[PDB]
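> Pasting the sequence and an experimental structure:
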Amino acid sequence: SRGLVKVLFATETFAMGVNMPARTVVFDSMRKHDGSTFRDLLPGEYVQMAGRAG
RNA sequence: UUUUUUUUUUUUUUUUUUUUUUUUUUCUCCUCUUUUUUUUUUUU
């Protein structure tokens, strides 16, 4: 919150919704592990993960 | 190359009292033999 930490590594416990967004967001993978079907992401998830940068 | 969420040890406390040991049965009941009754007296 106070900006004293630069690089953060987080799973979906912090991704899909937050206030106080940083400037940049990066994705290290294209897929995800839901409840044992091993699907890929969908626009409803990418909008939330990437929609908080400003 | 396997993410996200599923609460926990019932609440309460600042009520008066002018009595007194026990406690409650058992029925009438043939006494055998020398006597009148001796007696003063003195040594404690």
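Structure received. Numbering: from 1, shown residues only, chains lettered A, B, ... in the order given.
> May I see the buried residues of stretch A:45-54?
Within stretch A:45-54, the residues that qualify as buried are A:49, A:52, counting by 16 or more other C-beta atoms under 10 Å. C-beta: built from backbone N, CA, C; applies to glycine.
> Between the two ends of that stretch, how far is it?
With C-alpha to C-alpha, to the nearest Å as the measure, stretch A:45-54 spans 18 Å from end to end.
> and that stretch, does that touch RNA strand B?
No - Stretch A:45-54 stays clear of RNA strand B (C-beta under 7 Å from any atom of the strand), getting no nearer than 10.4 Å.
> now that stretch: how far from the chain's centre is it?
7 Å (C-alpha atoms, centre = their mean, to the nearest Å).
> neighbouring contacts of that stretch?
A:15-19, A:21-25, A:27, A:32 (C-beta atoms under 8 Å, 6 or more residues apart in numbering).
> okay if I get those residues as JSON lines plus neighbour count and secondary structure?
Listed next are the contacts of stretch A:45-54 as JSON lines, based on neighbours: other C-beta atoms under 10 Å; DSSP: H, G, I helix; E, B strand; the rest coil:
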{"residue": "A:15", "neighbour count": "15", "secondary structure": "coil"}
{"residue": "A:16", "neighbour count": "14", "secondary structure": "coil"}
{"residue": "A:17", "neighbour count": "10", "secondary structure": "coil"}
{"residue": "A:18", "neighbour count": "12", "secondary structure": "coil"}
{"residue": "A:19", "neighbour count": "6", "secondary structure": "coil"}
{"residue": "A:21", "neighbour count": "11", "secondary structure": "coil"}
{"residue": "A:22", "neighbour count": "13", "secondary structure": "coil"}
{"residue": "A:23", "neighbour count": "6", "secondary structure": "coil"}
{"residue": "A:24", "neighbour count": "6", "secondary structure": "coil"}
{"residue": "A:25", "neighbour count": "12", "secondary structure": "coil"}
{"residue": "A:27", "neighbour count": "10", "secondary structure": "coil"}
{"residue": "A:32", "neighbour count": "13", "secondary structure": "coil"}
